[PDB]
Structures are given as C-alpha cells and as structure tokens.
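**Student:** I'd like to ask you about the structure that follows.
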Amino acid sequence: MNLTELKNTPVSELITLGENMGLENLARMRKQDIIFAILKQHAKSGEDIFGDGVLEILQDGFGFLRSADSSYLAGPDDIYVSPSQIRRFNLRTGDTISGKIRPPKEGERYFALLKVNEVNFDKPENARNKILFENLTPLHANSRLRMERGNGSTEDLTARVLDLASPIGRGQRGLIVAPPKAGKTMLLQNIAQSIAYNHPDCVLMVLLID
Amino acid sequence: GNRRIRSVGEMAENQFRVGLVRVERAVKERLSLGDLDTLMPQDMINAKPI
Ligand SMILES: Nc1ncnc2c1ncn2[C@@H]1O[C@H](COP(=O)(O)OP(=O)(O)O)[C@@H](O)[C@H]1O
Ligand code: BEF
Ligand SMILES: [Mg+2]
C-alpha cells in the first residue's frame with residue numbers, strides 16, 4: 001500500500017480505518033505510531049508496503065527515509081535502508097526515494113526497504129552516472145521569473161512592485177532586509193502563489209525556521 | 001595398528017568444521033528470507049562464532 005494516501009489524509013479517516021481493522025484503541029497515541037500500527041496491520045493482512053520520502057545518511061552507515069509532513073523527524077514512520085543500497089545504487093543524503101518496503105521482525109522495528117522504484121523522480125540507471133552538485137559551473141541568471149499574474153488584484157500589486165524593484169531569475173540570491181512588524185509573511189506567500197501559478201513546472205520549497 | 005594418532009592439524013580442522021557447520025546453519029536460516037541483489041556475502045556470515 002502507498003504511504004502518501006495515509007500520510008496526507010486527516011487523522012479522522014485513520015482513526016476510522018484503525019477501528020474498522022479491529023485493533024487496539026488507536027486514537028490514544030501520536031499520529032506517527034497510529035500510522036505505523038496501521039501499516040503493520042495492513043501488511044499482516046495484505047501485500048507489500050509502498051513508501052517514499054527523503055533519505056538521510058548518518059555517521060553510522062545506514063540511512064533513514066523520512067516524510068515531508070513531519071519535517072523529516074525521527075519516529076516509527078521512518079524507513080530503514082541498509083548500507084547495501086548505499087553501496088549498490090551509491091545513494092547520497094537528500095535522495096528522494098520511493099519504493100517497496102517490508103515489515104520488521106524481532107530485533108527491528110522500522111520498515112526495511114525491499115526494492116527502490118523512483119530515485120529523485122528518475123530511473124536508477126539514469127541516476128547512476130550523473131554529475132555532482134559542487135562540480136557544476138555556476139553562472140548568472142538568464143531566464144527571468146515573471147511574478148506578475150495579470151489579474152491585478154488588491155494585493156498582487158505587491159508582486160508587481162517587486163517586479164519593478166527586483167527582477168528575479170533562475171539562480172539569483174534574494175535577501176529581504178526588513179525589521180519586524182513590516183508585513184513580509186503575506187509578501188512571501190503572494191510571491192510563492194505567483195511563482196507557482198506562472199511557473200508550475202519548477203519545484204517550489206518554503207522553509208519557516210523559528 | 002588399531003590405534004590412530006591425531007595431532008593439532010586434524011583437531012583444529014574438526015573444531016573449524018564444527019564452527020563452520022554452526023555458522024552454515026545460521027546463514028542458511030538467515031538466507032531463507034533473503035532476496036536477490038540485496039546483500040553481499042560479507043555480513044551473511046558472522047566471524048564471532050568462528
Ligand atoms: N499588502 C498588504 N495589504 C494589506 N495589509 C497588509 C499588507 N501587507 C501587510 N499588511 C498588514 O501588515 C501586518 C503584517 O503582519 P505580519 O505578517 O505578522 O508581519 P511580518 O510579515 O512583518 O512578520 C498584517 O497584519 C497585515 O494586516
Ligand atoms: F517580522 Be515578524 F516578526 F514576522
Ligand atoms: Mg512574519
């Protein structure tokens with residue numbers, strides 16, 4: 001069973017599913033161990049598990065595949081991947097993996113990986129011989145990112161002024177220097193909205209720290 | 001003619017064979033669940049029993 005359907009679903013449907021499976025009182029614990037027990041039960045009565053996430057390699061040698069909604073945090077929902085995959089497919093930290101996984105026996109508690117299917121939205125054959133990040137040659141931005149939507153709403157004028165003051169392109173570094181109380185949150189929200197509406201092909205990521 | 005002498009050689013050989021059959025049973029019980037292209041013949045056998 002796929003993982004994302006149970007990850008991004010509301011916890012109420014998970015409670016209903018766990019109560020229908022005839023299990024222990026499920027709603028009394030975290031969402032993490034709830035979905036862990038749900039996956040364990042569905043694997044005990046069902047087929048292989050299908051998981052996905054982002055890979056982190058520790059100083060120990062193995063790897064942990066963590067989901068996006070938990071901000072990639074430790075818990076029962078992580079996926080253990082042996083160093084054998086890191087030696088065969090030559091994995092790296094931050095690799096977006098998605099593939100088949102199995103339940104754990106004694107001595108283990110995390111779902112072990114069985115066979116990778118998609119590595120960073122690409123075939124393992126194409127990803128084997130590739131180019132490193134730091135080995136690339138940086139350059140200046142050439143394709144400008146159009147931030148104007150064209151509707152001219154009450155607040156999109158902000159983005160318009162942005163296009164008037166800071167033409168953003170693919171590969172530019174933007175530093176928003178603003179004291180508190182200044183209204184940058186909705187500014188970044190509108191920027192993200194416009195850049196996803198005008199350029200839906202490029203991936204968009206936001207990070208809220210502290 | 002009916003009494004045979006044994007030395008360190010075959011004695012150590014028999015001890016190594018005992019260790020080998022122990023670790024062979026271990027790796028066979030472990031291998032009953034293993035699959036293809038998911039391991040190397042290094043961690044399958046444990047050096048501690050030998
Ligand atoms: N384009 C805008 N139109 C109307 N009000 C705005 C606009 N930008 C900011 N504000 C006001 O400024 C305030 C900024 O709040 P907040 O997001 O906490 O500040 P900051 O983004 O600097 O942390 C909001 O309460 C909002 O009402
Ligand atoms: F500028 Be506020 F503190 F987000
Ligand atoms: Mg703010």
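Naming scheme: A, B, ... for chains in displayed order of the structure tokens; residues 1 onward per chain; ligands 1 onward as shown.
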Using only C-alpha atoms and all ligand atoms, which protein or nucleic acid residues are at most 10 Å from ligand 1, as a VMD selection string?
**Tutor:** chain A and resid 154 to 159 178 to 190
**Student:** Only C-alpha atoms, please: the residues just picked out, written as an mmCIF file, in the first residue's frame.
**Tutor:**
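Writing the result to selection03.cif gives the following:
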data_model
loop_
_atom_site.group_PDB
_atom_site.id
_atom_site.type_symbol
_atom_site.label_atom_id
_atom_site.label_comp_id
_atom_site.auth_asym_id
_atom_site.auth_seq_id
_atom_site.Cartn_x
_atom_site.Cartn_y
_atom_site.Cartn_z
ATOM 1 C CA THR A 154 -5.856 44.152 -4.412
ATOM 2 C CA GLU A 155 -2.608 42.590 -3.160
ATOM 3 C CA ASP A 156 -0.838 41.272 -6.290
ATOM 4 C CA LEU A 157 0.289 44.865 -6.833
ATOM 5 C CA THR A 158 2.875 43.979 -4.188
ATOM 6 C CA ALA A 159 4.363 41.388 -6.531
ATOM 7 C CA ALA A 178 13.034 44.058 6.871
ATOM 8 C CA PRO A 179 12.509 44.857 10.564
ATOM 9 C CA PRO A 180 9.649 43.150 12.416
ATOM 10 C CA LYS A 181 6.069 44.406 12.161
ATOM 11 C CA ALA A 182 6.659 45.041 8.448
ATOM 12 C CA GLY A 183 4.451 42.502 6.667
ATOM 13 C CA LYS A 184 6.821 40.073 4.948
ATOM 14 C CA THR A 185 4.802 36.904 5.617
ATOM 15 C CA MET A 186 1.965 37.655 3.197
ATOM 16 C CA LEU A 187 4.588 39.092 0.837
ATOM 17 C CA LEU A 188 6.379 35.740 0.648
ATOM 18 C CA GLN A 189 3.004 33.991 0.450
ATOM 19 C CA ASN A 190 1.988 36.053 -2.587
#
**Student:** Could you produce a table of the residues of chain A lying within 8 Å of chain B, with the nearest pair of atoms per residue and their separation in Å rounded to one decimal, using only C-alpha atoms, ordered by chain and increasing residue number, as CSV?
**Tutor:**
residue,atom,partner,partner_atom,distance
A:84,CA,B:39,CA,6.0
A:85,CA,B:38,CA,7.3
A:114,CA,B:38,CA,7.9
**Student:** Restricting it to N, CA and C atoms, dump the selection as a JSON list (two decimals), in the first residue's frame.
**Tutor:**
[["chain", "number", "residue", "atom", "x", "y", "z"],
["A", 84, "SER", "N", 23.79, -1.53, 2.16],
["A", 84, "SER", "CA", 23.95, -2.27, 0.91],
["A", 84, "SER", "C", 23.36, -1.49, -0.26],
["A", 85, "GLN", "N", 22.24, -0.80, -0.04],
["A", 85, "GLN", "CA", 21.70, 0.06, -1.09],
["A", 85, "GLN", "C", 22.61, 1.25, -1.35],
["A", 114, "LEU", "N", 12.74, -2.91, 0.41],
["A", 114, "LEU", "CA", 12.84, -4.11, -0.40],
["A", 114, "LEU", "C", 13.42, -3.84, -1.78]]
**Student:** When distances are computed from only C-alpha atoms and all ligand atoms, which of A:34, A:203, A:101, A:209 shows the smallest separation from ligand 2?
**Tutor:**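 Between A:34, A:203, A:101, A:209, the residue approaching ligand 2 most closely is A:209.
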**Student:** For residue B:15, which of B:50, B:44, B:27, B:33 is the closest residue, counting only C-alpha atoms?
**Tutor:**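 Closest candidate: B:50.
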**Student:** Determine which residues of chain A receive a DSSP assignment of alpha helix (DSSP H), computed from the backbone, and state them as an NGL selection string.
**Tutor:** :A and (4-7 or 11-20 or 31-44 or 83-88 or 124-128 or 156-165 or 185-198)
**Student:** Can you work out which one of A:165, A:202, A:176, A:91 has the shortest atom-to-atom distance to ligand 3, counting only C-alpha atoms and all ligand atoms?
**Tutor:**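 Looking only at the distances to ligand 3, the closest residue turns out to be A:176.
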**Student:** So what do you get for atom CA of residue A:208 versus atom CA of residue A:121, distance-wise?
**Tutor:** 25.1 Å
**Student:** Can you list, as a tab-separated table (two decimals) with N, CA, C and O atoms, in the first residue's frame, every protein, DNA or RNA residue that comes within 12 Å of residue A:130 when you count only C-alpha atoms, leaving out same-chain residues fewer than 6 positions away?
**Tutor:**
chain	number	residue	atom	x	y	z
A	89	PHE	N	23.34	1.23	-5.31
A	89	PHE	CA	22.88	2.40	-6.05
A	89	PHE	C	23.71	3.64	-5.77
A	89	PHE	O	23.47	4.68	-6.40
A	90	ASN	N	24.66	3.56	-4.84
A	90	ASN	CA	25.52	4.69	-4.47
A	90	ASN	C	24.69	5.89	-4.02
A	90	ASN	O	24.78	6.99	-4.56
A	91	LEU	N	23.87	5.64	-3.00
A	91	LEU	CA	22.94	6.65	-2.51
A	91	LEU	C	23.70	7.81	-1.86
A	91	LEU	O	24.89	7.72	-1.54
A	122	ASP	N	13.45	9.79	-10.92
A	122	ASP	CA	14.27	9.35	-12.05
A	122	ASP	C	14.61	7.88	-11.88
A	122	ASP	O	14.56	7.32	-10.79
A	123	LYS	N	14.96	7.26	-13.01
A	123	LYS	CA	15.35	5.86	-13.04
A	123	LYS	C	16.73	5.68	-12.43
A	123	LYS	O	17.61	6.52	-12.61
A	124	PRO	N	16.95	4.60	-11.67
A	124	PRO	CA	18.29	4.37	-11.10
A	124	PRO	C	19.38	4.25	-12.14
A	124	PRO	O	20.53	4.65	-11.87
A	136	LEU	N	29.40	21.37	-10.60
A	136	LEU	CA	28.76	22.18	-11.63
A	136	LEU	C	29.42	23.55	-11.72
A	136	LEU	O	30.17	23.98	-10.84
**Student:** Would you mind telling me which residue in A:35, A:117, A:29, A:108 lies nearest to residue A:10 when using only C-alpha atoms?
**Tutor:**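 Looking only at the distances to residue A:10, the closest residue turns out to be A:35.
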